[PDB]
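A.B. asks: Below is a structure I'd like to ask you about.
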Ligand SMILES: COC1=C(OC)C(=O)C(C/C=C(\C)CC/C=C(\C)CC/C=C(\C)CC/C=C(\C)CC/C=C(\C)CC/C=C(/C)CC/C=C(\C)CC/C=C(\C)CCC=C(C)C)=C(C)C1=O
Ligand code: SF4
Ligand code: SF4
């Protein structure tokens with residue numbers, strides 16, 4: 011077969027690609043999870059950010075605990 | 001920088017002094033026509049070292065120039081992960097490493113990575 | 001008889017540890033502070049200018065005693 | 001104040017320079033004792049007391065011995081190449097992380113990459129300058145080494161860099177506070193040592209010297225003064241690259257004492273390997289770097305790009 | 058990774074309490090300097106043919122801008138009347154000389 | 001200050017570079033200059049990130065051309081030019097003299113170093129190279145990087161086809 | 007684990023650290039053995055089966071030689 | 093060159109690193125052995141064969157000893173055969189250690205050279221204990237070996253094996 | 032175990048005959064070692080193990096040997112317990128010396144005894160074969176135990192009779208002990 015030949019000839023590219031394939035998978039989980047949390051709106055902001063109470067962004071302040 | 005340059009010079013001076021001591025501390029004897037002859041296992045040499053030395057990894061030699069210039073484009077990744085759009089950063093990065101692998105495996109399968117034979 | 005190696009390893013271990021343990025000593029003796037300020041970020045550098053200006057020595061601290069204690073109002 | 005600050009930076013470099021220069025002398029003794037014990041030999045034991053002053057007892061000879069002026073060599077190049085070989089070996093130490101600041105070095109990881117690459121020219125120029133057949137083969141055997149390890153070296157560094165978030169070496173300390181990256185990066189640690197050997201041109205990757213294939217490689221036409229500096233510059237590379245393994249995979253507690261117990265141990269490993277493996281074949285290395293290591297390293301960038309992305313979502 | 062982030066945010070949060078303080082200080086000294094430069098320019102070039110302070114011989118360096126629109130000059134122009142020592146003391150703090 | 005002395009050296013090394021004939025003499029001249037230009041560029045920038053990259057990139061090209069120089073132009077000659085050594089040394093000291101008696105607030109380049117920036121510039125307090133390299137990997141400029149990728153990979157197909165590995169090694173027959 | 011007890015003993019017949027050091031500096035080794043005999047010229051011959059065959063019998067040269 | 097064993101002179105024709113032609117120039121160790129033998133009695137010529145194939149010492153003697161015996165048309169006693177055969181094998185074990193030991197150094201590995209030359213040192217005590225020389229025993233002779241084995245040797249031969 | 036590619040007859044051993052299995056149980060086993068440096072791992076265990084052995088070195092010159100009574104070394108002309116030299120200038124040693132390293136000139140002594148007026152050995156020509164001591168009918172010439180006689184001049188390596196006789200007196204005690212413990216074999 012094919013699987014056997016490579017697994018016998020170049021086992022590293024099989025094992026390496028096995029973890030490479032792991033990267034794409036759990037990259038697809040994390041990326042989807044990121045927009046499942048609205049992670050664009052981050053509770054901690056670089057710089058000194060101040061909004062006016064009437065600004066549209068002032069509604070979207072992520073309200074967290076710590 | 002300007003600190004590093006100064007110490008770079010200071011070290012170079014120090015290492016330079018080392019042989020300048022060696023050149024004087026070295027025992028001195030009259031140089032012979034044979035003492036300064038090249039070493040080639042005790043038999044006079046047929047061929048100057050400045051003849052054209054054939055090359056067999058020339059193809060890899062060129063590929064080395066390329067692959068480095070993509071190292072210039074992966075290195076910035078980390079620095080801009082906190083600051084970039086995750087889809088654009090994620091997508092582009094992957095299709096950067098897949099492109100590299102595909103290129104490598106393509107040539108590997110074509111046998112270009114093997115030396116001239 | 002594996003002891004005879006250790007004299008080689010003790011010397012290298014000590015010699016390589018002299019620098020970091022020396023500057024930690026020299027800085028205290030010569031700055032008054034064990035560690036030197038880290039110019040890794042703009043904010044660190046900016047404040048370092050500020051200290052160097054006020055006290056005329058970035059490693060000499062200006063506690064509350066620099067504050068004018070009282071205002072006549 | 002500020003005027004005083006840079007004075008201390010000079011002292012540190014000089015202190016680090018003399019300490020490294022001294023250690024490479026004692027490393028060479030350690031190499032002979034350990035390599036003399038892996039082999040059932042005793043090793044240097046007579047000179048002075050129990051052999052400890054042996055390396056100094058050799059530094060005398062290599063300097064009271066005459067310079068060699070090769071007849072067919074471009075003398076100025078032949079004469080200068082030792083200097084830059086030693087200079088580049090010492091200079092790369094200024095980026096070694098200290099919590100007691102020595103040099104800031106944001107982008108310190110890159111500074112490693114630049115300096116290590118330079119070490120090839122000194123071998124390269126020395127071999128070509130000597131103008132001997134073996135010396136030239138040694139030089140071109142060294143250059144082909146760079147073509148192999150150079151690209152894979154950067155990628156493997158990038159994987160470690162993704163874990164810490166920046167090119168500043170100091171951050172390795174904070175992330176290795178609970179555990180050691182050796183656990184997470186076991187195959188890379190094993191691969192990284194392999195590339196580290198190529199950097200310093202050691203068995204099983206000893207091609208620049210090429211002992212028993214070339215008579216002495218690119219050193220074949222050097223003598224008392226030049227050859228000594230070439231030698232010291234060689235073992236300074238081992239010492240640093242051993243340290244760079246300790247800051248990446250073994251805690252990076254530079255101010256703790258154990259870090260230096262670790263540092264010597266990795267130095268022992270480099271000698272340990274020299275007494276175990278036969279030398280690779282000149283082509284098998286270049287195939288190894290491109291056929292296996294390069295493909296291997298790229299595979300984990302995906303693994304760590306995904307892992308960092310996944311971890312970013314949670315945090 | 059949590060603990061590193063924990064520590065980083067704490068360090069950054071300390072900036073946001075100090076950063077407003079410095080900006081208050083800088084402005085009250087940035088302005089004071091501008092008066093001195095506008096006065097040094099007057100004295101330096103009393104006898105120049107057509108020199109007007111703040112313009113190139115009467116040509117305003119910004120035509121579209123509204124009235125009394127303050128513009129932060131160039132670093133060099135800010136130090137136009139200063140020794141090299143003071144200039145280098147700020148521009149080369151990164152490199153350390 | 002060293003910026004002017006860097007100006008002198010880059011000029012000096014360029015004068016001699018016009019007069020090199022031996023390929024390795026050219027290479028040594030070029031290698032020295034690649035150091036200075038790399039050093040000089042980082043003076044007028046918020047970081048030395050690009051000097052590191054440029055230095056690393058060119059060193060790759062430095063090795064490769066030695067490999068071909070040592071195979072094609074191996075047997076060539078040097079000639080010390082007393083006219084050249086005096087001329088460069090003559091101007092070099094002459095230029096170095098000016099840099100000591102120069103109004104070197106005027107000679108400094110107006111490009112804003114990181115410290116040259118104001119204290120209020122909130123965007124200057126982030127990582128050393130965060131923003132600058134940012135939009136290399138964000139919409140829409142990211143596609144340019146992608147375009148390079150094919151361009152680089154398509155290049156990788158060009159060399160093997162131009163090269164025709166199978167028809168032998170390279171020798172200076 | 008318990009070689010120190012041997013090590014202290016070697017000192018005692020040596021004559022304290024001062025004479026132990028000179029012994030180590032001269033013979034390059036410290037060994038326990040029984041004096042088999044003394045030749046006409048002062049050399050003292052030792053033996054200890056504890057060590058392996060080659061190092062089983064050793065000689066101390068006369069003090070006046072000294073190197 | 094270290095790998096050449098101080099005798100060989102390969103005039104290689106190198107197309108890079110690959111060899112296109114190899115010319116093994118030989119004769120750097122020609123000592124006209126076969127012309128000296130024509131001037132020496134048969135016994136005086138026995139040491140010459142210790143020198144030929146100098147790592148197989150007692151194996152060369154056996155070849156010479158057998159040759160002279162066929163011309164002399166004599167037979168060796170039963171005991172001498174076993175002593176000969178025993179020492180032919182000990183020589184064989186010595187020689188292969190040199191081949192393996194030397195071959196490893198050429199490749200680059202070091203430890204097998206020392207781990208085996210420690211045993212090689214023990215083996216050449218048996219040469220030294222029967223013949224009186226650690227090498228070039230000159231022990232095998234046309235009539236059989238020249239002396240009986242020392243009392244108690246065979247116990248130490250067993251101990252090594 | 033895998034099979035053998037070539038069937039083996041009697042009285043013969045093959046070194047590379049077994050083929051490679053293709054079962055996943057084995058391929059993975061080969062793959063794991065090829066992939067985690069498994070083969071080299073045990074190689075590193077072995078070498079490290081040798082650190083924990085007594086090294087076999089001898090502290091020469093304080094400790095040295097071992098040798099055997101048959102050892103062939105420097106030469107020496109013995110003499111009878113009366114003191115008279117054993118050698119009678121029979122010249123068997125000269126005739127058998129493969130290297131022709133011996134030169135002897137003999138003359139009727141004053142008291143009328145056959146004796147040598149000359150006996151020279153060219154130690155840079157001798158091969159220490161030991162045929163001289165086997166041929167001597169009166170054990171006059173022997174290869175003494177000494178093997179430490181390197182000189183700093185070529186001329187000092189040419190022994191004449193007085194030098195040889197001196198050795199036969201310096202080394203007399205040990206030679207007489209070796210001959211006694213070894214003559215029966217010879
Ligand atoms: C027979 O089979 C075999 C082979 O086949 C041929 C082999 O090849 C081999 C090959 C073996 C190897 C490759 C082993 C590795 C060894 C080598 C590659 C080279 C051999 C040399 C060594 C081991 C010595 C190491 C050290 C050096 C070469 C010199 C390095 C420079 C040094 C130490 C100087 C350091 C600088 C300092 C400032 C230190 C402190 C001060 C000093 C030195 C100053 C000294 C004195 C003074 C200044 C005088 C002052 C006096 C007054 C003021 C009165 C073996 C083992 C073998 O068995
Ligand atoms: S040992 Fe042999 S070669 Fe030497 S002198 Fe005696 S017979 Fe001649
Ligand atoms: S064989 Fe003996 S007795 Fe005859 S000459 Fe030689 S040493 Fe003298």
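Protein chains in written order, with the deposited numbering: chain b, 11 to 76; chain A, 1 to 117; chain a, 1 to 73; chain H, 1 to 315; chain Z, 58 to 154; chain J, 1 to 173; chain q, 7 to 73; chain D, 93 to 253; chain I, 32 to 217. Don't be surprised by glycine CBs; every beta carbon is placed ideally from N, CA and C.
Starting from residue 17 (chain b) and walking both ways along the alpha helix (DSSP H), at which residues does that stretch end?
C.D. replies: Looking at the DSSP string, the run of the alpha helix (DSSP H) that includes residue 17 (chain b) is 12-19.
A.B. asks: Determine the DSSP secondary structure at residue 49 (chain I), reduced to helix, strand or coil.
C.D. replies: In the structure shown, residue 49 (chain I) sits in a strand (DSSP, three-state: E or B).
A.B. asks: Would you be able to state if there are at least three C-beta pairs under 8 Å between the segment 263-275 of chain H and the segment 26-39 of chain H?
C.D. replies: The segment 26-39 of chain H vs the segment 263-275 of chain H: in contact.
A.B. asks: May I have a chain-ordered list of the alpha helix (DSSP H) segments no shorter than 4 residues that lie completely inside the segment 38-120 of chain J?
C.D. replies: For the segment 38-120 of chain J, whole alpha helix (DSSP H) runs of length 4 or above, ordered along the chain, are 49-72, 82-100.
A.B. asks: Is residue 160 (chain I) near ligand 3, judged by its Cβ being under 7 Å from some heavy atom?
C.D. replies: For ligand 3, not one heavy atom lies less than 7 Å from the Cβ of residue 160 (chain I).
A.B. asks: So what does DSSP say about residue 23 (chain I), is it helix, strand or coil?
C.D. replies: Since the first residue shown for chain I is 32 and the last is 217, residue 23 (chain I) is missing from the structure and cannot be characterised.
A.B. asks: Note down, in chain order, each residue of its chain lying with its Cβ closer than 7 Å to the Cβ of residue 115 (chain A), except the 5 sequence neighbours on either side.
C.D. replies: Closer than 7 Å at the Cβ level, and outside the excluded window around residue 115 (chain A), lie 56, 57.
A.B. asks: Confirm, please, whether the CB-CB distance from residue 154 (chain H) to residue 71 (chain A) is below 8 Å.
C.D. replies: Going by C-beta atoms, residue 71 (chain A) is nearer than 8 Å to residue 154 (chain H).
A.B. asks: Determine the direct distance from the alpha carbon of residue 119 (chain I) to that of residue 107 (chain I), and round the result to whole angstroms.
C.D. replies: Residue 107 (chain I) and residue 119 (chain I): Cα-Cα distance of roughly 15 Å.
A.B. asks: Go ahead and pull the three-state DSSP assignment for residue 227 (chain D).
C.D. replies: Coil.
A.B. asks: Hey, which residues come within less than 6 Å of ligand 3, measuring from Cβ to any heavy atom, in chain order?
C.D. replies: Answer in sequence order: I:118, I:119, I:120, I:121, I:122, I:123, I:124, I:135, I:166, I:167, I:169, I:171, I:172.
A.B. asks: What residues in its chain sit with their C-beta under 6 Å from that of residue 223 (chain H), if we drop five residues either side in the sequence?
C.D. replies: So the list reads 68, once near-sequence residues are dropped.
A.B. asks: If contact means a Cβ-Cβ distance below 9 Å, which residues of the segment 98-111 of chain D contact chain A?
C.D. replies: Going along the segment 98-111 of chain D in chain order, one finds 101, 103, 106, 107, 108, 109, 110 with a Cβ nearer than 9 Å to chain A.
A.B. asks: Helix, strand or coil for residue 202 (chain I), going by three-state DSSP, please let me know.
C.D. replies: Correct three-state label for residue 202 (chain I): coil.
A.B. asks: Using beta carbons (cut-off 8 Å, strictly below), is residue 18 (chain a) in contact with chain J?
C.D. replies: No, its Cβ sits nowhere closer than 8 Å to a Cβ of chain J.
A.B. asks: What number of angstroms, rounded off, separates the C-alpha of residue 122 (chain Z) from the C-alpha of residue 44 (chain b)?
C.D. replies: Roughly 44 Å separates the two Cα atoms.
A.B. asks: Checking 8 Å against the spacing of the C-beta atoms, do residue 23 (chain H) and residue 229 (chain H) come in under that value?
C.D. replies: Going by C-beta atoms, residue 23 (chain H) is not nearer than 8 Å to residue 229 (chain H).
A.B. asks: Alpha helix (DSSP H) containing residue 57 (chain I): first to last residue?
C.D. replies: Segment 55-67, the alpha helix (DSSP H) holding residue 57 (chain I).
A.B. asks: Would you check if the distance between the CB atom of residue 61 (chain b) and the CB atom of residue 76 (chain Z) is smaller than 8 Å?
C.D. replies: In this structure, residue 76 (chain Z) does not lie closer than 8 Å to residue 61 (chain b) by Cβ.
A.B. asks: Provide the residue span of the alpha helix (DSSP H) that contains residue 100 (chain Z), from first to last.
C.D. replies: Element bounds for residue 100 (chain Z): 59-101.
A.B. asks: By a C-beta neighbour count over all protein chains shown, 10 Å radius and 16 as the cutoff for buried, is residue 105 (chain Z) buried or exposed?
C.D. replies: By the neighbour-count rule (16 or more Cβ atoms within 10 Å), residue 105 (chain Z) is not buried but exposed.
A.B. asks: At a cut-off of 7 Å, is residue 129 (chain I) close to ligand 2 when judged by its beta-carbon and the heavy atoms of the ligand?
C.D. replies: Yes - ligand 2 has a heavy atom lying nearer than 7 Å to the Cβ of residue 129 (chain I).
A.B. asks: Can residue 32 (chain H) be considered in contact with ligand 1, in the sense that its beta carbon sits closer than 7 Å to one or more heavy atoms?
C.D. replies: Yes, since a heavy atom of ligand 1 falls inside the 7 Å radius drawn around the Cβ of residue 32 (chain H).
A.B. asks: So who's on the other strand from residue 108 (chain I), going by DSSP bridges?
C.D. replies: Looking at the DSSP assignment, residue 108 (chain I) forms a beta bridge with I:172.
A.B. asks: Where are the alpha helix (DSSP H) runs, 4 residues long or more, that stay fully inside the segment 179-256 of chain H, in chain order?
C.D. replies: DSSP runs (the alpha helix (DSSP H)) wholly in the segment 179-256 of chain H: 181-184, 186-200, 224-249.
A.B. asks: By the criterion of Cβ-Cβ separation under 8 Å, what are the contact partners of residue 163 (chain J) in chain H?
C.D. replies: Within chain H, no residue comes near residue 163 (chain J); the closest Cβ sits about 16 Å away, beyond 8 Å.
A.B. asks: Note down, in chain order, every chain A residue with its Cβ under 8 Å from the Cβ of residue 41 (chain b).
C.D. replies: Residues of chain A passing the Cβ test: 86, 87, 90.
A.B. asks: So if I threshold CB-CB distances at 7 Å, which residues from the segment 279-306 of chain H count as touching chain J?
C.D. replies: Answer set for the segment 279-306 of chain H: empty.
A.B. asks: If you draw a straight line from the C-alpha of residue 3 (chain H) to the C-alpha of residue 150 (chain Z), how long is it?
C.D. replies: One C-alpha to the other measures close to 12 Å.
A.B. asks: Which residue's Cα is closest to the Cα of residue 172 (chain I): I:159, I:184, I:182?
C.D. replies: Ranking the options by Cα distance to residue 172 (chain I), first place goes to I:159.
A.B. asks: With residue 127 (chain I) and residue 75 (chain I) assumed to form a contact (beta carbons below 8 Å), what rounded beta-carbon distance in angstroms separates them?
C.D. replies: No, residue 127 (chain I) and residue 75 (chain I) are not in contact; Cβ-Cβ is about 56 Å, not under 8 Å.
A.B. asks: Have a look at q:57, q:45, q:71, q:48 and flag the residue whose alpha-carbon is nearest the alpha-carbon of residue 35 (chain q).
C.D. replies: Ranking the options by Cα distance to residue 35 (chain q), first place goes to q:57.
A.B. asks: Is residue 22 (chain H) near ligand 5, going by C-beta to nearest heavy atom under 7 Å?
C.D. replies: The model on display carries ligand 1, ligand 2 and ligand 3 but not ligand 5.
A.B. asks: Check whether the Cβ of residue 9 (chain q) lies closer than 8 Å to any Cβ atom in chain I.
C.D. replies: No - not a single Cβ of chain I is within 8 Å of the one on residue 9 (chain q).
A.B. asks: Per the DSSP calculation, residue 116 (chain I) is bridged to which residue(s)?
C.D. replies: Answer is I:110.
A.B. asks: Looking at chain I, is there any beta carbon in it that lies within less than 8 Å of the beta carbon of residue 1 (chain a)?
C.D. replies: Yes, its Cβ sits closer than 8 Å to a Cβ of chain I.
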